[PDB]
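Coming up is one lone chain in structure tokens, specifically the form deposited in one PDB entry.
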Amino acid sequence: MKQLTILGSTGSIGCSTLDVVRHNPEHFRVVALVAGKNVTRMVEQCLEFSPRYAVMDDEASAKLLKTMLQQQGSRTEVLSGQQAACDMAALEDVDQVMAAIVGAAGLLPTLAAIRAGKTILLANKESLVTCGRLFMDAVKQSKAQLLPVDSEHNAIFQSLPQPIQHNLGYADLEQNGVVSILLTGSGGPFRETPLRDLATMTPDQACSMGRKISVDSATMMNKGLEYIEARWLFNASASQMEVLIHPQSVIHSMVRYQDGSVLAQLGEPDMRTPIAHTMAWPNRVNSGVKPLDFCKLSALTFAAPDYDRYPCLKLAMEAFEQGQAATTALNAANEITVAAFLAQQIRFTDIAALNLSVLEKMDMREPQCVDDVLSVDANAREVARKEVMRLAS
């Protein structure tokens, strides 16, 4: 029986993880749920899943949650705040931690699961985008298993040989006959826009979808960040990474082997797939996802990314070579500039341009701990806000 702590239970990943649990009650049991301020959805989850613990962001939410759980007869014990969330991530009889709290708030709880030697269903980009070296060192030192839940990394991982899958952070790609990792992305809505029109695209043209990630997919900042992550996670050099546009997103990513073989994972866009794969690894369970119907697909195509069309993708690649200050700064800047584009303060092409300008303006030492990473992030947001103000009168 796998016992689970779900960090970020009330977002789509958390609900989807719960759907796997709901349909596999003989294999998984929820011990702890952690969320933010969504008391109502947390009530329903505690009543369906009977975890021992639930944690909210603050005392106000925790008190509401307590009152409502109590009204319904629940035995779930209610806590609040960051430490409590780290504590659930490290609980003694927990086997797996779904690490789905995103942003800076996901860093310490994910690191607490790692240092407790858990199996971490990794479902946030900040861990490896901002703290990849810190976190990969902690994984080695603490004997944690990372299992990537993100669609492209989960596909690479399914496509990697068993000795790498079980030894992330140590495994040598080359020694295991791996030539490169083929990280695929859709190329976004402006994949075929003449370059000259990029300057004038609007937030509606760039975006059912998720507006930030949607813009990140238009700039391919999203693949840029996936590139930074994959290199830490899979221990890949620059020459062991290829980024390929694949507009249909049926192939989720691939791995190229020494004999010419390429292994690929394919599927529906439903996150229950990669989530169930990690929960059940090295075995499988039913996820509720429809079997992929190959007779109803668009033709599958591929093309090389053009860095004049996708300067963010190139910027992410160069930031990796500059270290975790640089990838942390790029990520934070990009949150500010995308937000500005979406609020109609700057042009679409000013995302990449101001992302570049913010990195050019910083000169930060390599972070040595999480606090350092938060300090780079805070600083880069400030440099970014000011650049936005320079353009947005």
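In this text, residue numbers run from 1 along the sequence as written.
Unshown form solved in complex with a small molecule; subsequent notes refer to it.
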### Message
Only one of 277-285, 160-168, 174-182, 121-129 has heavy atoms within 4.5 Å of the small molecule in the deposited complex; I'd like to know which.
### Response
121-129
### Message
With the distance limit set at 4.5 angstroms and only heavy atoms considered, check whether 134, 329 and 359 all reach the small molecule in the deposited complex.
### Response
no
### Query
Is the gap between residue 57 and the small molecule in the deposited complex 4.5 Å or less for some heavy atom pair?
yes
### Query
Does residue 209 make contact with the small molecule in the deposited complex, using a 4.5 Å heavy atom cut-off?
yes
### Query
Quick one: is residue 117 in contact with the small molecule in the deposited complex, heavy atoms, 4.5 Å cut-off?
no
### Task
May I ask you to check whether residue 13 falls inside a 4.5 Å heavy atom distance of the small molecule in the deposited complex?
yes
### Query
46, 30, 35, 65: which sits within 4.5 Å of the small molecule in the deposited complex by any heavy atom?
35
### Query
Looking at 303, 213, 195, 292, which has any heavy atom no more than 4.5 Å from the small molecule in the deposited complex?
213
